[PDB]
Structure formats: C-alpha cells, structure tokens
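Notes follow once the structure below has been shown.
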Amino acid sequence: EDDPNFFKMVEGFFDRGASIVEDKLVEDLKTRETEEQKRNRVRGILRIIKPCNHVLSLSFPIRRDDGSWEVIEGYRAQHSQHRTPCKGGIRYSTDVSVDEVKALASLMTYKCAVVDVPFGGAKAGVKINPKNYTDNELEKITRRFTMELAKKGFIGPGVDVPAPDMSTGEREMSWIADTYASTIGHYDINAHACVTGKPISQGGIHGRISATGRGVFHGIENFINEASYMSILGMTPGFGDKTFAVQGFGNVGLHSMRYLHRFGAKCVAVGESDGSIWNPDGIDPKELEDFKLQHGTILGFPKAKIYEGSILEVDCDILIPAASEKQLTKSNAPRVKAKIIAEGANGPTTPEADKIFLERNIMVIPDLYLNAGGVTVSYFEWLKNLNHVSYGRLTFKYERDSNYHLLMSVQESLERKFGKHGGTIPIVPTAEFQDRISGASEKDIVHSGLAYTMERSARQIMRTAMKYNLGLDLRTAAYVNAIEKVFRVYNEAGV
Amino acid sequence: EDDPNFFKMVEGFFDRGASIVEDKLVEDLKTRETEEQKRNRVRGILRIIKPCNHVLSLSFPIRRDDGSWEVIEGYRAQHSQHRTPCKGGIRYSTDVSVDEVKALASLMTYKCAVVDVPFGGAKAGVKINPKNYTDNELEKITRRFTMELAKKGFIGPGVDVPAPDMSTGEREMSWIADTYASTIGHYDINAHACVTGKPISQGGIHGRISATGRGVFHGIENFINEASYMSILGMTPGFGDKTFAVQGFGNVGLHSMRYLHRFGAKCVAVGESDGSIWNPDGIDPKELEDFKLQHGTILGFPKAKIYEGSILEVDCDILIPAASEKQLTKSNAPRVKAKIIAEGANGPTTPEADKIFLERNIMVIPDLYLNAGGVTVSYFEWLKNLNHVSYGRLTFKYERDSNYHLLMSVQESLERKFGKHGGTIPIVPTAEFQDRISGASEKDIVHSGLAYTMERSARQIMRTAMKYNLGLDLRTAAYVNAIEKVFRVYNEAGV
Amino acid sequence: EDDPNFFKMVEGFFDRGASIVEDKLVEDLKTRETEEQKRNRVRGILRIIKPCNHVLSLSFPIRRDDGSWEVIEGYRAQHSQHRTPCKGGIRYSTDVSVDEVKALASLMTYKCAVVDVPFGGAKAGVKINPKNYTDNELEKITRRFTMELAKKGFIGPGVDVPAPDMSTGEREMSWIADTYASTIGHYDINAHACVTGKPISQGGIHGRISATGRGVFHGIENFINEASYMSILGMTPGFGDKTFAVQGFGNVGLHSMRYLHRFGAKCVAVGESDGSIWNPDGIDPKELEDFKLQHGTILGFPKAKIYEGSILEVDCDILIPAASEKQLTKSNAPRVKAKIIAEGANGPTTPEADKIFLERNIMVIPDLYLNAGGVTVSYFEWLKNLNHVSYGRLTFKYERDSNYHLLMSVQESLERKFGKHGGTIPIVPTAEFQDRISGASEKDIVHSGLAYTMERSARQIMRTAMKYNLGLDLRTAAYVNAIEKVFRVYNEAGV
Ligand SMILES: NC(=O)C1=CN([C@@H]2O[C@H](COP(=O)(O)OP(=O)(O)OC[C@H]3O[C@@H](n4cnc5c(N)ncnc54)[C@H](OP(=O)(O)O)[C@@H]3O)[C@@H](O)[C@H]2O)C=CC1
Ligand SMILES: NC(=O)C1=CN([C@@H]2O[C@H](COP(=O)(O)OP(=O)(O)OC[C@H]3O[C@@H](n4cnc5c(N)ncnc54)[C@H](OP(=O)(O)O)[C@@H]3O)[C@@H](O)[C@H]2O)C=CC1
Ligand SMILES: NC(=O)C1=CN([C@@H]2O[C@H](COP(=O)(O)OP(=O)(O)OC[C@H]3O[C@@H](n4cnc5c(N)ncnc54)[C@H](OP(=O)(O)O)[C@@H]3O)[C@@H](O)[C@H]2O)C=CC1
Ligand SMILES: Nc1nc2c(ncn2[C@@H]2O[C@H](COP(=O)(O)OP(=O)(O)OP(=O)(O)O)[C@@H](O)[C@H]2O)c(=O)[nH]1
Ligand SMILES: Nc1nc2c(ncn2[C@@H]2O[C@H](COP(=O)(O)OP(=O)(O)OP(=O)(O)O)[C@@H](O)[C@H]2O)c(=O)[nH]1
Ligand SMILES: Nc1nc2c(ncn2[C@@H]2O[C@H](COP(=O)(O)OP(=O)(O)OP(=O)(O)O)[C@@H](O)[C@H]2O)c(=O)[nH]1
Ligand SMILES: Oc1c(Cl)cc(Cl)c(Cl)c1Cc1c(O)c(Cl)cc(Cl)c1Cl
Ligand SMILES: Oc1c(Cl)cc(Cl)c(Cl)c1Cc1c(O)c(Cl)cc(Cl)c1Cl
Ligand SMILES: Oc1c(Cl)cc(Cl)c(Cl)c1Cc1c(O)c(Cl)cc(Cl)c1Cl
C-alpha cells in the first residue's frame, strides 16, 4: 500500500521543483522572441532532462561452482551527459529492475548538481542475492559484468565511472578496476579511474569508505545548528542532547552512527533485514560492529534488547534510513516519533510520506544532498587517479622549510626593532599549525573538501528554501538548484 | 482477449520445440559424464539461448519543424551473437516497446538459423508514427538515431546490421548508411555494409525490395506442390486454381500479391488499416498499386467493392497476413475459411490460433521460414558490399568466350569424326543457355540464391515434420532446426 | 596599394628578426664541425620553421533555411608542432583565404613563444558573412565544420585546439565542443578540452572573454610606465593623462577600451565598419556598449558626434587597432597623430608602416606580444579542462584554517614573551590578506597569471631591444625571442 513507480516518484520531485523555478528560468533568459515561447522552450529543455539517455540491459551466463549454467541479469543506465563522465554505483540485489536503476541513475545527476561534482548521473544493478553466491562466483560475475559493460561503452574513465552501492564494497570495485585496466584499458593512462570506491592499495583514496557517513554527519550538523530550523522543530541546537536510530548497519549506516556518536549523539536503535535492536541508554558503534563481524548479525548483541517493532517508528530525535528505498510510506509515516529525517539512502521515503512529514512538521533532509558525500569523495579519488600523485608528496618538504622561514621572518624582524632590549623573540608554531606545517596530505583534503562541500551546499539549499518559502520542504529546494544548474548547461549549448 | 506478451509468446514456440529435440541433443552429445547431467547441461545451454544479450534503450531530442522540442524513444536489441554480426530491421511505430523489439529480435536469429544466414538476431524500434512527421523531421530522427546507436556499439558492419521493417524503406536505410559512412565509418572499408535494404545506387542489391514477396511466393510454392500436404487439406496442387487474400498492401504485402498473381493465383481481397476491399473475380496488383499511389489508399478502388468485415475471415484458399503481429487470435481463429495460412508478417498468429488451426486442419506456414526471403537477400547485399564488385563484372567476358569455345570444341570434334560427310555441324546455344552465356549477374544470383534457400529450407522442415509426426505443426518443425543449429555452435564454443 | 601577401608580410618580420639573432644561435651551438656549416644548419632549421606543416582546405554543403543548397569553404592550418597541441582561433569572414589563415596560424606560434604557452600555432577560417545567416544556419555550419575537421585530424584535445576570432564567440565554441564530445570524443576523458573560449557552463574559465582586452591593458601598462621608452616619445609615464582611440568595438576592442578607461585613460574615438564616432571629452565604455546592443551599431550614440574621417588618424595618444589586418599601410602611416600603436589585432600594420612609424618615432607594441593575453587565458582554460577541478576547491578550507593558525602562531608566541604585560596581541588579517585567506580561486589565477605573463614577457623584449639597439623596433625584438626559443627546440629535437 503506497508503492509508487520509483522513477516517476523521482520525476515527481523534479516536476514539483521544476514549477517553482520555471518563472526565474524565463526571466534570466534574454532571447529575441522574448514572448512566452521562451516558456515553452524552457519546458522543452526540461522535458529533455527528465529521461535517461542510454539504458543497457544485460543478460549473460556464468558457471556456478557446482558446474551448472545460470543466466544473470544486469542493467546500467546513463541519465544525463551534460557533464562527462557519468557517475553512479552498482547495486547487487534481486530487487533491481530497469525502473529502479533508471531512477537511482537520475538521482545521481541531480545529487551531483546539488553538490557541484562535474558528473552526469548513472547507476547499475545486477539481479542477484550475493548472500547465495560464493566469493569465487561473485568475482566471476562482477568481472564478466565489467566486460559486457566495457564492450558497449558503459564503463570507462571519461564515459561512465561506477562505484559501490548495495552489497558491493571495495572488493567489487577492486575486481572491476582490475578487469578493465588489464584488458580494455591496458594502454589507458587513466585506466584505474574507471571506477571509484577502490581499495586504497588499488588507487582508492583515504576515507572513501566512511565518506558517506562523514557526509551524513555534516549534512545534519549544518541543519541541527541553525535555530531558524531548530526552533520550528522545538529543538535545541547541537548534537550533545540528541538520540538517533538508524535503519541499516552497512557502509552508509555504520559510519553514520560512528560519526554522530563521536559528537555526543546517542544511538538508541539499529536495524537490519533480520531485525532491530534497541537500548534507551544508547548503543556503542565499536562493540556493535565487532559483534556483527564475529556473529554476522546485530541480533543477539549483549548490551541491547531485541526490539520488537518497526525501527522506523522507535522513539528518537533523528531517524536515519540507510537501507533500500521507499521505507517511509504513507502508512507508517504518521507513527515516526523522530523530529528529523536524515535521508541516508536514496529515496527512502515516498512522495506522500513527505506530504505527511511536512504537515506533521518533521524536517526531512533530502537524500540528494545529505548522502552526496559519497560522490564528493569519489570525485576526489577520480581526480587523484588522473593526477598520478598522492597529495603533498612533491611539496611536503618545501612548505615545511618555507613555513619555518616565514615564521623566522617575523622573528628576526622583531628582534631587529626591539634589539637586545627584547632579547630573542622566539616564534614557534602552535600545536595546530604544527600539524599543518608541511601542508595538506591526502587525508586532509578529503576531510576538508567534503566539509567545504557539505556546508556550501547546505547554504545553497537554505538560501533557496527562503527565496521560495518552502520552509521545511528542503527536497524541493534541493531540486531547484539541481535543475537550475543542469538547465544553465543544456540552454547554453544548443541542447 | 488473447493477446499475450509477445516475447514469451515466441519463447513459447521455442520451449515447445526445445522439448521435441531435447532427446536428440543428449544422444549426439558424447561427453565423459554421460549420465543425464548431460540433460541438464543441454537445458542449461537452452536457458542461455532464449534471452537477449544486449538491449539498448534510447531517449533523445529532436527539433520539430515548428521549432519545438520533442523527446523520442527508440530501442535496439541484440538477441544472440553465436554468429557475428547481428541482423534485423528497424520498425517505426507507436506500438514499439522493449518487449516487442526483444521478441522480433529473437525471431530474427531463429529465422536465420532456419534459412542458414550467418547472423545472430537483432531488431530496432523508434516509437513514432511516421504519418505525423515531415520528411525533414524523419531524416533528422533516423540520422540521430544511427548516431546514438553507433556510439554504443549497436550498429556496425561486423556488429549489428540493420534493415527495413514497418514504415521504413530504402529511404531510411539510405540515410542510416550515409550518417555512418560519413562519421564513425569514414575509414571503414566496409562502411556501407553497416545496413541492408539500401537504394541500389547506395550499394543496395537487385530485388531487395520485392525480396520478401518473392520469398513468400517460394515458401508457398514449395508447399502447395507436395500432395503429401495438399491431400491432408483436400486441395489440388498448384497455384492455377487458388484464390488468396492479403492483410497489408505494403512491402511484403504488395509484392506477395504480385508474385502469386503472376503464377495464376487470384487476389480476392486486400486490406489495410482504414479498411479492406474485395472482388470474387480477382483484383489486379498493378492497377491497385497505382490507385493506392495516386489516392493514398486502397479504399475507393473502382474494380472492387469496399468489403465490410474482417479481411482475415474472407473466403479464399490462402490467407496472407502482412500487417502487424497477433492478428489471428483465439477469437476469430475458427472463422477463417482459408485452408492455408502463409505467415507473411512476424508472429501474426497467437499460440492458441495455432492450436485451433491445427485442429481445424488448416496449414500454417511459419513466419520464421516463409518470410526469411528478406534477410536472405539482405545477406546477399551485405556480401556485395564487402566484395566491392557487383556479381559478374570480372568474369562476364571470360565466360562468354570460354563458353563459345567449349561449344566450339564439340563442333570441331564432330566435324573431325564425321568429316566432310556431315559437312558443318553447328553447335549454337539454345535461347535459355544464350541468356546465361556470360554467367550469373547480380540479378541472377539473388533470384536463384533465394530460390535455392527457400526450397532447401522447406525440405529441411518437411523432413523434420516427418521424423516427429508434427504433421501440420510446421512451426514446431521449424524451431527444431533453429534450435538444433544454434545449439551446436554454443555446445562446442565454450558457452 | 600596400596590400602584400599577409603570409610573406609576417615572414618578413620573421626574417628580419632571424638575422639579428643568427649570430647568437651559432655561438651557443657547440657541435663538432664548428666551422660555419653551423651557420647553414641554423639557416636550414629556420627555413623549416617558417612554413606551415599541414593546411586543410574544406568545401562542404549546408542546407539554407529556405531549402536551397549552398557550398561553403573553410580552412584550418597547422603551422608548427614543436609543441603539441596546436592552438589558434576560427575566423568567420568572406576575406578568409588560405594565405590569410596560413599567416594568422604562423602568428599564433610565435605569439605563444613570446608568452610561453606550450602550443604550436594554428588558425581557421570559414568564408561566410555571419551577418547574412540565421542562428540556425550558423550552428549547422559550425557543427558540420567541426566534423570535417575532426575526420582529418584538425581538431582534438592533443592535436589542434580552436578558439574564438572574428565573428565567433563562446556561442560557436559551445557548439564545437558539443559536436566533438558527442561524437569523436565520446570516450575521451579530455573531450571538452578540444576548444577554448567556451561558455563557463560548458567548461569555460573566468575572464576568457575579456582576456585579450585585459591583456592589451597590461601590455601597454608595462611600456607606458618605463620612462626609458616614455622619454623617447616625449610622454609622461602613466595612463591618467592619456587619450586613446580604438578601431573595432568587439571582443578585443570593447574590453580594451573598458580596462584603459578603468585606469583613467580617455576614449576619444571608437570605430567600426559602418563608421567612427568621436568626442574629445571622452566616450564611456558602458553606455556605448548598451547603445550598441540595443541599436546594433555605434553610429548614432547620443554622447558623441559621427566623426567623419579615418579612425586611424584621429588625434590621440594611443591608437588601438582591433579590426582586421593591414589597416595601417604606407599611405596613411604618416598621418596618425598618436605616439603609441598598441597592435590589438593580428598584423594590423604593413612592414612599411612599421618603417615609417620607426622614423616618425612612434612606438608600436607588436601584436605577437600585446594580444597574447587571449591564449594565455585559453591555455589556463585548457589546463582547467585537463584537471577536472576548478582551482581552489580541494584546498579552500585547508588553507583558510592553516592561515588562521599561522597568524595564531605569532600571536600566541608574542603573548608568551610579552606575558600579561602586553595582554592579548590580536593578529588579524588586513582587508587584502582577508580576500586571500583561502588561497587563489579561478578568478585569482587568471588575473595574476595573465599579469605575470604580460609583464615577464615585456621585460624579455625590452631586455632584447637593448642588447641589439632596436630602440623602438620591438617587433624585431619580439621575434628574436620567439625564434630563439623555437629554434632551440627544433635544435635538440632529432628534427
Ligand atoms: N558507498 C555506498 O555504498 C553509498 C551508498 N549510498 C546510499 O545508501 C544505500 C546503500 O547502503 P549500502 O548499500 O551503502 O549499505 P550496505 O549494503 O552495507 O548496507 C548493509 C545493511 O543494510 C541492511 N538492510 C538492507 N535492506 C534493508 C531493509 N529493507 N531494511 C532494513 N535494513 C536493511 C542490511 O541488513 P541485511 O544484510 O540482512 O540485508 C545490512 O546490515 C543506497 O540506497 C544509497 O542510495 C549513498 C552513498 C554511498
Ligand atoms: N524487409 C521487410 O520489410 C521485411 C518485412 N517482414 C515482415 O512484414 C511485416 C512488415 O511489413 P512492412 O513492415 O514490410 O509492411 P509495410 O509498412 O509496407 O506494410 C504496410 C501495410 O501494413 C498495413 N497495416 C498496419 N497495421 C495494420 C493493422 N493493425 N491491421 C491491418 N493492417 C495493418 C498498413 O495499413 P496502413 O498503411 O493504413 O498503416 C499498410 O497497408 C513485419 O511484421 C515483418 O515480420 C519480413 C521480412 C522482411
Ligand atoms: N581571443 C580573441 O578573440 C583574440 C582576438 N585578437 C585579435 O583581434 C582581432 C579580432 O577581433 P574580434 O575578431 O576579436 O573582433 P570582433 O568581430 O567583435 O570585432 C568586431 C568589430 O570589428 C569591426 N571591424 C571589422 N572589420 C572592420 C574594418 N574593415 N574596418 C573597421 N572596423 C572593422 C566591426 O565593425 P562591424 O561589426 O560593422 O563589422 C566590429 O565593431 C583578431 O584579428 C585577432 O588577431 C587577439 C587576441 C585574441
Ligand atoms: N570499516 C571501518 N573502518 C574503520 C572504522 N573506524 C575506523 N576505521 C579505520 O579508518 C582507518 C584509518 O583512519 P585514519 O585516521 O587513520 O581514520 P580517520 O579519518 O581519523 O577516521 P574518522 O575520524 O572516522 O574520519 C582504517 O585503518 C580503518 O580501520 C569503522 O567503524 N569501520
Ligand atoms: N513496387 C513495384 N516495383 C517493381 C515492380 N516491378 C518491378 N519493380 C522494380 O524492380 C525494379 C527493377 O526491376 P527489374 O529488373 O525490371 O525487375 P524484375 O526482375 O523483372 O522484377 P520481378 O519481375 O523480379 O519483380 C526496381 O526499380 C523496382 O521498382 C512492381 O510491380 N511493383
Ligand atoms: N563580459 C562582460 N561582462 C559585463 C560587461 N558589462 C557588465 N558586465 C557584468 O559582468 C558581471 C560579472 O562580472 P565579473 O565576472 O565579477 O567581472 P570581473 O572579472 O571581476 O571584471 P574585470 O575585473 O573587469 O575583469 C555580470 O553580472 C554582468 O552584469 C561587459 O561588457 N562584458
Ligand atoms: O574506439 C572504440 C573502442 Cl576502443 C571501444 C569501443 Cl566499445 C568503441 Cl564503441 C569504440 C568506437 C568504435 C570502434 O572502435 C569501432 Cl572499430 C566500431 C564502432 Cl561501431 C565504434 Cl563506435
Ligand atoms: O572515433 C570515435 C571515437 Cl574515439 C568514439 C566514438 Cl563514440 C566514435 Cl562515434 C568514433 C567514430 C569516429 C568519428 O565519430 C569520427 Cl567524426 C571520425 C572517425 Cl574516423 C571515427 Cl572512428
Ligand atoms: O584511427 C585512424 C585510422 Cl583507422 C586511420 C588513419 Cl589514416 C588514422 Cl591517422 C587514424 C588516426 C585517427 C584516429 O585514431 C581517430 Cl580516433 C580519429 C581520426 Cl580523425 C584519426 Cl586520423
């Protein structure tokens, strides 16, 4: 009950936001036939943006360990190409259908527009349940899948760059890169930039794994510290006195929990497919993770009870959906308790849940902004691959020396003016500037680059929510920017 | 009522035929684990054949003559690649969906297996009604469509070679070739072999337009002259005393009517979308065509009345469906009158109509054989393009001389043995051998090559219908061969 | 008269400068056969530099809006490739001939040598009068032109990178990039680096439009502030008391006027093809531009009279030719009034006008230096495209933090030495260092990079004019450096 066509579901958000700005897009336009044919031409460009450009559907055979033949299905969709290459991960699930992949792909592009990553949207899906395949079988699958994508122009450094999503980690990325760089890209100087989310030894970048969590953190942080928004929710600014619950203890889930906890937030609930756990006094990220690693499940965790009932309904301040889509529907929407909904996963709530949450006066930080930390960091990995140099190497020593001389320049100058009367005036770095004395390292850029991006995009949305009184409809605010940016292109290039 | 999903409908025919042969495919197999794991491996290979390998879905913009923006959808599916390149036409219709294109694509491959054309199956569709677009708009569409196909490996001399289908003629093929050879294939020595059904001046081959009609003729001819099959129908062999009716006065329809009429068959009905016409005394192909060209419709034709009622039900000997799919369904099936059903179009009858026709004892010459004359000739065009010489050029003079000497060798020899007593014994060619004195021409090869193929494939099917007592279930007989052939490749190819 | 072959005209400047340095190029040379065969080998290398390497001549058809067929001609020349790729704009005019394109191409390479941009010279021309073609027809032309260039290796990220010139702006560049990245470069990770001067939304860079004007400004600034040169002209250093007149109110014209005016210079005349305008009290850049945009011409401008007579002869301090070539010839040369000639356009003055201006003691700042600001900025755009990151993104936050700590390091140190006695010694940034606290942004690098380059190259020329007493023959000084740099390269290469 309340199950909408994910693709159209996203189109819904797009159209809603399209209207809001349609007027501006016509005013800025300065063409000759100034008459409202301008208004049609804008609507024409919009009708062009909405649909995917290329969608590849695969069906290929693999040989099961038991010697039998099985046909596996997979898809890869390229939504837009107003920016090259396309970006978007690969989800391994039995729920993948073209409609889903087409939707996630489109979310990737608007996602990038919000966060200013120069990539068009894309997304992949292989209809399998990894839990029923041996490691050996999976590898054969992801490798062969890379090939059939390659052969048709659906993966490449300047075409389409995959990344992780559901049930795919750096292990999968690692095989993808290897297959590509060993075959199609044997001569490509940018071969390893054909995919992101790779192991660091494979050319991955620091913190891409925890990237999304760290991003989710910044997303919330930017909003839970506004008052303008916190008042409307009857909430005190700051994390120190908040309790949250998260659906999905995975890449985006685990790390989301990790960072919030790090800033005095309390995890009162954690969920999965098998069940949810709870504890009003709070659950710890590190022991839960080790229990989960050792036992392969969160159910049974000693310092917490096996909560019976919807993880999406538990009593808390912030609800973090980090599982699959449409978890928050029209049904359960009214029974959420939480004041803040930080959309960790892509499209975890239906259009109607939004509607209800708006009325219920519960703030929903949209997915296409809140979870954009993943690509922001993937983009940094991609730049790293192109550069072929790890940040800081060429300059670590030069800056260090240069910095000590800068500091020595004020010292010797002051000793000159205040003579022997002041004796020596030692100018040493503080503990903080000491940690920076050489300049930024790879770790430093990811951390601050992400932060700069999450913060900067937050303001861009807030600023918009104001200019159009969307109040707590941040999702619409977010799409306005995406459209506003993606449009400025298609317009300025003869479509 | 009864209009199943097209793709599975064809899968239906495949499975049915799969069973019939499954046994043979296991007997011929000579592997080590001779136990019936052999039977699973065969079923495994079959599960692999059935689905399409690659399906590209396009969505791109074109600029309407009135200056507006419209998004047009198109698809191209590559069913199999056990043979390279893929082959199959492009249909321009508003009824094209992936399911349809996926179906037609699969029919192309089995079609080729029956007729022995070394191509894997493929098919394209662009969701538009050509009748609502100017010539200028169409060209923009077909050209841009060729590009988006090219960019993703869905058109190329050794990859996928398109051809005509519904609402696409040599005009469209001509633009396709031009776009390709002018861009992607500028350096390809086989650039113009990227598509068939081209204008002869564009590298087309003689008779490709009337190819399918001529083929349909041969298909019927091979069966309407067996007695073995004609007896079971209570019909005298030969065309001389037969009356037929055809649904669709198009490329496959018009020419089908043309050739049958040429051999003393009488066209009593012709149909279209607007309506059907009739005349028990027979309608003439040439005057109907000129009326149709001059007036843009068959309705109103002077030497015939405007028949009210289903063209598929009119009283005649042979019913030729040359329109779209599923015309003959479970409903109207029982009211057909005709004894012979020559499937001109692809899949014009549902699985149940078959069933009824079997019982009703009405012979149905399957589409995947009867209309294979098109690709057989397309294949000849493709070979012509690769050869870069039209049949006969290099040898016309040599054979002519060589032949006159061969004939002169018996002459001078006989004059030698019978001396002056017999005087001169002139050895001149007959009128027939004179027409061949130089050897086969492009026209000659198409005509006899087609004939050789239609006939040879007919026997292959008949021969099969006997070995498995399918009697009048020729469709199943046809699929048995297709499967039987497509199989061997995969078996010993490394699957 | 005085209408020489634009190509030889430039060759003239080259030979003249060739001689001046020939001696040095032989002295530095340290080969075995030290005898003056060295002097032949240098002359041999020079005979090799002078001519273009590849010149493509195009002739292709376009379809006029009124349905008719017209053949359009175009050329693209690649002068040198001692540096890859080639660089140089596209001029849309009816005056384009191979000789012109070959000339402008050669000016591009020496232009780059003076300014240190690692590109060999190139240039294009399409023989049409844009003023007689609709926007729709132009686009068809520029797109099809990009294709015919592509097909033959005359456009590509690492081959030949076009840019704007006469009657071509970012609109044309935008279509060029689009056609390339959508076809030939669909897989190129550097596809959008196939051309510069693109809209910013298309990957353009900040200030490339006003780049040349800004450059022209710096060019003059570096010379109008030397005294060494200002004395010889009987002129006070500085812009504050100068009046200039410019021929051509276009990309290079308008912005040239803009920047000079910004620094207290007074525009007393502005010209075009239809006519010139004047005002001894000065004309304003902003109102003239708006009049020109609204009315499509400068003639009629309220705050100025319609000057009857040559714009190249008006009374002023500095004459800025920003129109086509050979405007200042032997004829009108003696009647110029201005003391300074800032060659904005490429080769606006004939070899003899030079001669006269030398005698007349009028300083001519050579085109191949003065207007090099365009490529310098185009080069920055190209680097931007390769980098796939806009300057500053990765480091904005890190530097800002790092800087506050640097400043905090002196603060905490001083508070330590001067204890409570000095209380807090707050170390805050000035307004200027505040504007830089995060580091350079894209805007910052273009502006200072251009300045660094214009200034540095000015000194290189002055320094040379001295070592060879060319006094006011800066053109010859400029070519000496170009040759001196390019030669070295063909030298050490294996030729
Ligand atoms: N790098 C990334 O992976 C990124 C992902 N995202 C977003 O987050 C989501 C991806 O999470 P990833 O795929 O990152 O998570 P990972 O697969 O690790 O998440 C694993 C967890 O998800 C739980 N889970 C799955 N389905 C449900 C469900 N219906 N209800 C409750 N729990 C469930 C699993 O339980 P079980 O194991 O029993 O299924 C498991 O504990 C995507 O939708 C995407 O939009 C965004 C940016 C980065
Ligand atoms: N080279 C080829 O074209 C080949 C074609 N074929 C087969 O023939 C069919 C292709 O026909 P082409 O595409 O050759 O035909 P063309 O478009 O000429 O066929 C035109 C005729 O089809 C009629 N028609 C369309 N829809 C219907 C309908 N729903 N009911 C009755 N009549 C209808 C049209 O009426 P109207 O004009 O008013 O729309 C017109 O008279 C395919 O299905 C294919 O399997 C097989 C091999 C080769
Ligand atoms: N990136 C760049 O664009 C660079 C440009 N340059 C130089 O500047 C020149 C380019 O100018 P752009 O092409 O920038 O100028 P744009 O075409 O805008 O210049 C337009 C102006 O040129 C005037 N004009 C053209 N021909 C004549 C003529 N015969 N007599 C008088 N006025 C004339 C036009 O008048 P009207 O409109 O009535 O024809 C118009 O006002 C080039 O030759 C180039 O070497 C230098 C460096 C880089
Ligand atoms: N998968 C996973 N890795 C973790 C986790 N916590 C820490 N890591 C580690 O991240 C490590 C390197 O971290 P760098 O300092 O050394 O980590 P960091 O940037 O300070 O981590 P954050 O403070 O969360 O941003 C790796 O060696 C991982 O073991 C976790 O909860 N899950
Ligand atoms: N539409 C149509 N085309 C025809 C017909 N007859 C011949 N053609 C043409 O086939 C032409 C050249 O044909 P020929 O070499 O004379 O044909 P043919 O071998 O005698 O034709 P069949 O007799 O093989 O059809 C092409 O230009 C077609 O237009 C016809 O009755 N209808
Ligand atoms: N390119 C251009 N821009 C103009 C002109 N006149 C006004 N503008 C304004 O340029 C504005 C943005 O200017 P900026 O990019 O910040 O200018 P800038 O690079 O600091 O300008 P300069 O310091 O002269 O190079 C827009 O909002 C326009 O309204 C003109 O003649 N040419
Ligand atoms: O140039 C390539 C490469 Cl190296 C890989 C792929 Cl998948 C594609 Cl498609 C191309 C471009 C290309 C080709 O290289 C060839 Cl020989 C044929 C085609 Cl129809 C196309 Cl479009
Ligand atoms: O060359 C390519 C590349 Cl490298 C990518 C793509 Cl997608 C396409 Cl379509 C082409 C085909 C192509 C072209 O698009 C053009 Cl204009 C010229 C050539 Cl001689 C070639 Cl071979
Ligand atoms: O790719 C070719 C081919 Cl097949 C032939 C030639 Cl004579 C050349 Cl020199 C190339 C190099 C080349 C290319 O590799 C691409 Cl992609 C485009 C272009 Cl216009 C060109 Cl000239």
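All residue numbers given for chain B refer to Swiss-Prot; the residues shown span 61-555 in order.
Backbone N, Cα and C define each Cβ position, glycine as well.
Residues B:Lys110, B:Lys258 are shown; Swiss-Prot lists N6-succinyllysine for one of them, B:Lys110.
Among B:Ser391, B:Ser438, B:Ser450, B:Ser462, only B:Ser438 appears in Swiss-Prot as part of the substrate site alongside B:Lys147, B:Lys171.
Checking B:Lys302, B:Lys503 against Swiss-Prot for the annotation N6-succinyllysine singles out B:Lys503. Taking 8 Å as the upper bound (exclusive) on CB-CB distance to chain C, the recorded positions B:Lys68, B:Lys171, B:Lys211, B:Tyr319, B:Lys477, B:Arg516 give B:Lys211 in sequence order. Listed recorded positions: B:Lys211, B:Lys386, B:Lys399, B:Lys457, B:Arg516. Those with a CB under 8 Å from a CB in chain A, in sequence order: B:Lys211.
A Cβ within 8 Å of the Cβ centre of B:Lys147, B:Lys171, B:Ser438, the residues given for substrate, is found for these other residues of the same chain: B:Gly148, B:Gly149, B:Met168, B:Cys172, B:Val177, B:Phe179, B:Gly181, B:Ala223, B:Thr256, B:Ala432, B:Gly434, B:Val435, B:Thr436, B:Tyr439. Between the two most distant C-alpha atoms of the annotated substrate binders (B:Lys147, B:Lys171, B:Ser438) there are 13 Å.
Under 8 Å, Cβ to Cβ, and six or more positions away along its own chain, B:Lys183 (active site) finds B:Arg136, B:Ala137, B:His139, B:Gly148, B:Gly149, B:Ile150, B:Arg151, B:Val161, B:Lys162, B:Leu164, B:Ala165, B:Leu167, B:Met168, B:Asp225. The Cβ of B:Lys527 (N6-malonyllysine) has 12 other Cβ atoms within 10 Å, all protein chains considered.
Residues listed for GTP, B:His266, B:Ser270, B:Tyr319, B:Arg322, cover a largest CA to CA span of 19 Å. Counting every protein chain shown, the Cβ of B:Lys545 (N6-acetyllysine) has 17 other Cβ atoms within 10 Å.
Taking a C-beta cut-off of under 8 Å and a sequence gap of six or more, B:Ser270 (GTP binding site) has these contacts in its own chain: B:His315, B:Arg318, B:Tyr319.
With B:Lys211 (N6-acetyllysine) as the anchor, the candidate binding-site residues are B:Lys147, B:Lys171, B:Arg322, B:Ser438, B:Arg516, and the one with the nearest CA is B:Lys147. In this structure the C-alpha atoms belonging to B:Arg322 (GTP binding site) and B:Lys545 (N6-acetyllysine) are separated by 35 Å. B:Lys68 (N6-succinyllysine): 13 other CB atoms within 10 A of its CB, across all protein chains.
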